[PDB]
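Asks: Each protein sequence line maps, in turn, to chains D and E. If you read the first sequence in the authors' numbering, its first letter stands for residue 593, the second for the next number, and so on. If you read the second sequence in the authors' numbering, its first letter stands for residue 2, the second for the next number, and so on. Beta carbons are placed, not taken as given, at the ideal position from N, Cα and C, and that holds for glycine.
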Amino acid sequence: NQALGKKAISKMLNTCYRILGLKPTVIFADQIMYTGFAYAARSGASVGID
Amino acid sequence: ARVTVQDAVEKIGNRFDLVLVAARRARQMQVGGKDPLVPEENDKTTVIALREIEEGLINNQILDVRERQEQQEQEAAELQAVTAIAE
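(1) Less than 8 Å between C-beta atoms, sequence neighbours within five positions excluded: which residues of the same chain meet that for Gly-57 (chain E)?
(2) Pull out every residue of the segment 597-629 of chain D whose Cβ sits closer than 8 Å to any Cβ of chain E, in chain order.
(3) Can you round the beta-carbon distance between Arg-3 (chain E) and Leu-64 (chain E) to whole angstroms, since I take them to be within the 8 Å contact cut?
(4) Note down the Cα distance separating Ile-641 (chain D) from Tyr-609 (chain D), rounded to an integer number of angstroms.
(5) Less than 8 Å between the beta carbons of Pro-40 (chain E) and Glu-53 (chain E), yes or no?
(6) For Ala-600 (chain D), is the classification buried or exposed, using 16 other Cβ atoms within 10 angstroms of its Cβ as the cut-off for buried?
(7) So, is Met-30 (chain E) buried or exposed, given that buried needs 16 or more other C-beta atoms within 10 angstroms?
(8) Express the C-alpha separation of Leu-19 (chain E) and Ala-633 (chain D) in angstroms, rounding to a whole number.
(9) Ends of the alpha helix (DSSP H) at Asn-606 (chain D)?
(10) Return the first residue and the last residue of the alpha helix (DSSP H) that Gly-640 (chain D) is part of.
(11) Which whole-angstrom value describes the C-beta separation of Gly-613 (chain D) and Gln-7 (chain E), a residue pair presumed to lie in contact below a C-beta threshold of 8 Å?
(12) Output needed for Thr-617 (chain D): all residues of its chain with C-beta closer than 7 Å, excluding positions within five of it in sequence on either side, in chain order.
(13) With DSSP as the reference, label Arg-16 (chain E) as helix, strand or coil.
Spelled out as structure tokens, the structure:
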């Protein structure tokens, strides 16, 4: 429910590992990567001189 | 299928004994020693060994018990065989 920058993501992974365990966390990391790529693309975030 | 050994380690609580045990069982199943205890699923011998370990069907104790049983059947057959070759 936050704005979920880099640090927040890493601590979310760490909390998942401390609460659930190895396998759920590995599946979690894969899902995070997939969905982050997907919405980075959807965004079309670019960089212009303006 | 296999992606992690976390539960296998949970059984044999070392991750260093686990390798030695799984290698023992897998060399068994690979050279003409034995046949899997979990239904093989087109898995290679090492992954089958791990899948067996997970179910609590293989550990060091199990393997030693099985080995001594094998040696004793070996003794029985071999004594009978020498006796037969006598007469």
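Replies: Short version:
(1) Along the second sequence, read from residue 1 onward, the residue named residue 57 (chain E) stands at position 56. The beta carbon of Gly-57 (chain E) sits closer than 8 Å to the beta carbons of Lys-12 from its chain, once the five residues preceding and following it are set aside; these are given in chain order.
(2) Cβ contacts with chain E: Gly-613, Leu-614, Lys-615 and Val-618.
(3) By 1-based counting over the second sequence, the position of residue 3 (chain E) is 2. By 1-based counting over the second sequence, the position of residue 64 (chain E) is 63. 20 Å between Cβ atoms; not a contact.
(4) As a working mapping, residue 641 (chain D) is identified with position 49 in the first sequence. As a working mapping, residue 609 (chain D) is identified with position 17 in the first sequence. Looking at the backbone, the Cα of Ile-641 (chain D) and that of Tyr-609 (chain D) are separated by about 41 Å.
(5) As a working note, residue 40 (chain E) is residue 39 in the second sequence. As a working note, residue 53 (chain E) is residue 52 in the second sequence. Contact: no.
(6) Along the first sequence, read from residue 1 onward, the residue named residue 600 (chain D) stands at position 8. Counting Cβ neighbours within 10 Å, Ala-600 (chain D) comes out exposed, since fewer than 16 surround it.
(7) Within the second sequence, numbered from 1, the residue matching residue 30 (chain E) stands at position 29. Using a 10 angstroms sphere on the CB of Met-30 (chain E), the tally of other CB atoms reaches 16 or more, which defines it as buried.
(8) Taking the first sequence and counting its residues from 1, the one referred to as residue 633 (chain D) is at position 41. Taking the second sequence and counting its residues from 1, the one referred to as residue 19 (chain E) is at position 18. If you take the alpha carbons of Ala-633 (chain D) and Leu-19 (chain E), they lie about 43 Å apart.
(9) Translated into positions along the first sequence, residue 606 (chain D) becomes position 14. Start and end: 598-611.
(10) Taking the first residue of the first sequence as 1, we reach residue 640 (chain D) at position 48. Note, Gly-640 (chain D): premise wrong, no alpha helix (DSSP H); not H, not E.
(11) One-based indexing of the first sequence puts residue 613 (chain D) at position 21. One-based indexing of the second sequence puts residue 7 (chain E) at position 6. About 7 Å separates the two Cβ atoms, so the contact holds.
(12) As a first step, residue 617 (chain D) must be located in the first sequence, where it is residue number 25. If we look at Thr-617 (chain D) and ignore the five residues flanking it on each side, its Cβ neighbours are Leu-605, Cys-608 and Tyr-609.
(13) In the second sequence, the residue the question calls residue 16 (chain E) occupies position 15. Of the three classes helix, strand and coil, the one that applies to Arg-16 (chain E) here is coil, per DSSP.
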